[PDB]
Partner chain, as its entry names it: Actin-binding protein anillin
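Only one chain is given next, in structure tokens, and it is the form solved without its partner chain.
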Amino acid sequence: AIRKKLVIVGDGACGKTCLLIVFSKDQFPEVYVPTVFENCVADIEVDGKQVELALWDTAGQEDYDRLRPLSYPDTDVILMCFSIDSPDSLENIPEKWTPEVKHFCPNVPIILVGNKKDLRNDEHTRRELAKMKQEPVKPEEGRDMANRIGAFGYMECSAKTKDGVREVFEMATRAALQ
């Protein structure tokens, strides 16, 4: 089987760890871990080809800025995440994550991922965002950002409902196979 390394990055609490676990274990996590720490290699088939996907979780907090580059060597595809309930995490795509990622992984394909799609129409989410004069990220905002950073594609998903999750990792696999 083809062996590809995947690294997921994005702001603290935007759903990275839950996405890896929903995809690799088909279950939304109960217990809390900052990063998936036990082995995390998932299988996927794309156009007849069997692909082995090593999932490298990272921490989004600035506390971990010193150590996160230790995960970047030999990366084949990057999942760059924001949360649809957080326009701030989108604005950190060009201001924080693309600079860091493209510095250590200069030509590694990027899939831009908007997590927590199930909160786009969530009442508490919109009330929280409205009090800051904000609304959830619209799909055209994610597309525009993806074009702007040169991502191979833009995908939306919800780890909670699993909607879009498999597609995210299929798209990432296609990018890495290039």
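Residue numbers count along the first chain shown, from 1.
Comparing the deposited coordinates for 137-145 and 61-69, the stretch with the larger average C-alpha B-factor is 61-69. The stretch with the higher mean CA B factor, choosing between 35-43 and 52-60, is 35-43. Out of 114, 153, 29, 109, it is 29 whose C-alpha atom has the highest B-factor in the PDB entry. Sorting the modelled residues of the chain by their CA temperature factor places residue 88 in the lowest third. Among the modelled residues of the chain, residue 8 sits in the lowest third by CA temperature factor in this PDB entry. Sorting the modelled residues of the chain by their CA temperature factor places residue 120 in the lowest third. For residue 104, the recorded CA temperature factor ranks within the highest third of the chain's modelled residues.
Looking at the C-alpha B-factors along this chain, the one for residue 172 belongs to the lowest third.
The discussion below concerns the form solved in complex with its partner chain, not included here.
Put simply, residue 36 is close to its partner chain in the deposited complex: some heavy atom of it is within 4.5 Å. Put simply, residue 130 is far from its partner chain in the deposited complex: not one heavy atom of it is within 4.5 Å. In the deposited complex, at least one heavy atom of residue 66 sits within 4.5 Å of its partner chain.
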